[PDB]
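In the block that follows, a single chain appears as structure tokens, in the form deposited in one PDB entry.
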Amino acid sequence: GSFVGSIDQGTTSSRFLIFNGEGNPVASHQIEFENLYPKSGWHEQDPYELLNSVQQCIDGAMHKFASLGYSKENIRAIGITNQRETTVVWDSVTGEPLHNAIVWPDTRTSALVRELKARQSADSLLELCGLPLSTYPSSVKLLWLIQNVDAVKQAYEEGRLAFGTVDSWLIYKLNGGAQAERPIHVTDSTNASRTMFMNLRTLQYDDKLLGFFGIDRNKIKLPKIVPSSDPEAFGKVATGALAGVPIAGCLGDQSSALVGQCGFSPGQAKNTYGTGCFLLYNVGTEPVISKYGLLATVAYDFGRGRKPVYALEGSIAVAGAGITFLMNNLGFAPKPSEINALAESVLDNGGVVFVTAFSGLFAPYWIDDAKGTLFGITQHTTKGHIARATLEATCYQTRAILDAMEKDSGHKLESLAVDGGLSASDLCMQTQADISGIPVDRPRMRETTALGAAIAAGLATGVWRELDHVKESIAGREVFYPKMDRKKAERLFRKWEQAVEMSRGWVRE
């Protein structure tokens, strides 16, 4: 086959895309599924809601694939990319879930996180797995379920509990789950580096990480850790429109976006804009443990005599959310297109600085007692100035994270690719280039995340032979270049840093 498919299983969305050898999607289908919020801070999904949405997107895309004269014979393989950390538990014997998936934003584990941080050896986990303790990793979600949901506890104690991130669950069921010969219970190194069970350097489950959380290896069934690109580890789709088509790629969704942007060299970074931001920074074959609260994770692992590549990761809470705040909360304008117009309406920020720390500031500032704080207001401040400061806020924090990634890794920032929500704003992307002093590359093929999984599967099956082949095949309103004098750029950043400094201490108990 000449085409490659890509399952993109998201937090709010599932979709299937079929790419050609030049990385362009020829057929696609997207479905918004149900998310469940039982309590405040609780976030759950029916595991079958994830699967069935994927399956319908597969069917939907292949009907339009048929309308252009192709069949599953034309697809050489498919890759999977998925929301990370989201924790799924099922019965190893039946393959049926024992509880709804706990989605990555779920906060029901705070108390447990507090307890675990006080435990002995909690100091050592960052160095082992790349991540600190928080509500996010799958380790604490799974531990919570074992201690609070009893169908899970007894499954565990009886040796029939299976754990999986959403990739593992989808691969397991798409291969036929329990009912099938050679059942596939696997996860790729990227997804696996998000749990806190995997030694980041060896890419193997570590007994000291598993021991810290109290999960017994020979009682629970963990997914075998395999490369993100492999022609046989992931099995094949058992039934349906893709019956018999191999799965050959598997990547956590943020890693997939880095791959889709061809960020294959150290110093190459990406930012995905949504309600917030996820930033990843290729740091090469050698892992880096951050000194500024960045996450150390696997960028991609392509097996074939390939040394796995690592990344540093940072996040921003308020990006697109800031635009939503200007539209709905303040009534500046009803659509984001017009917020950008307001920002372009004025020459500069009018001295305005908006520290958008709605829920505090994360890496590298780590300021939890700040709230949204707007500086520089006068009688002559207008909506346009505030709109600019809102866009500038994300670029300032983006630079702050990229700068921290530079000092941690010692690899000079070489490029920044962007995709999703705010990346469409020409003004803010230009501002990012100006502030950071680096070109901002924005592809007009907008399905970068899905493209990453296609590349992984395509490499496993020879659609592309090397990453150099990938970049030039994919290569064949796209790049913003620094145009601001660097003195003005440093001035603007220093008053950002200052606004931040004055924002700390606002929330007193």
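Superpose the two forms; the largest set of C-alphas matching within 1.5 Å is the rigid core. From 1 onward, residues are counted along the sequence shown.
### Query
As recorded in the PDB entry, how many deposited residues are without coordinates between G476 and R477: none, 1 to 3, 4 to 9, or 10 or more?
In the record, 10 or more residues between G476 and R477 lack coordinates.
#### Entry: Stretch with the higher entry mean CA B-factor, where the candidates are 298-306 and 397-405
Per the PDB record, 298-306.
### Query
Which of the two stretches, 47-55 or 27-35, shows the higher mean Cα temperature factor in the record?
Mean B over CA atoms: larger for 27-35.
### Query
Based on the PDB record, which member of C250, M429, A77, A118 exhibits the highest Cα temperature factor?
Spelled out: the listed residue with the top C-alpha B-factor is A118.
### Candidate set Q268, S92, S345, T87 [ranked by C-alpha B-factor, highest]
Of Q268, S92, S345, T87, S345 has the highest C-alpha B-factor.
### Message
Based on the deposited C-alpha B factors for this chain, I'd like to know if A489 is in the lowest, middle or highest third.
### Response
Top third by C-alpha B-factor.
### Ranked C-alpha temperature factor of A417 among modelled chain residues, by third
Lowest third - that is where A417 ends up once the chain's C-alpha B-factors are sorted.
### Message
Can you tell me whether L467 has a C-alpha B-factor in the lowest, middle or highest third compared with the other modelled residues of the same chain?
### Response
According to the entry, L467 has a C-alpha B-factor in the chain's highest third.
### Task
Please place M327 in the lowest, middle or highest third of its chain by C-alpha B factor as given in the entry.
Highest third - that is where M327 ends up once the chain's C-alpha B-factors are sorted.
### Query
What third of its chain's C-alpha B-factors does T448 belong to: lowest, middle or highest?
Its C-alpha B-factor belongs to the middle third of this chain's values.
The form deposited in another entry exists for this protein as well; it is not shown, and the discussion that follows is about that form.
### Query
For the set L126, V113, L143, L374, which residue undergoes a C-alpha shift of 2 Å or more between this form and the one not shown, given alignment on the rigid core?
It is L374; the other listed residues stay below 2 Å.
### Query
If you line up the core, does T12 shift 2 angstroms or more at its C-alpha between this form and the one not shown?
False for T12: its C-alpha shift is below 2 Å.
### Query
Aligning on the rigid core, do we see the C-alpha of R465 shift 2 angstroms or more between this form and the one not shown?
Where the cores coincide, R465 shows only a C-alpha shift between this form and the one not shown that is less than 2 Å.
### Task
Indicate whether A424 shows a C-alpha shift of 2 Å or more between this form and the one not shown, with the rigid core used for the fit.
Indeed, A424 is displaced by 2 Å or more.
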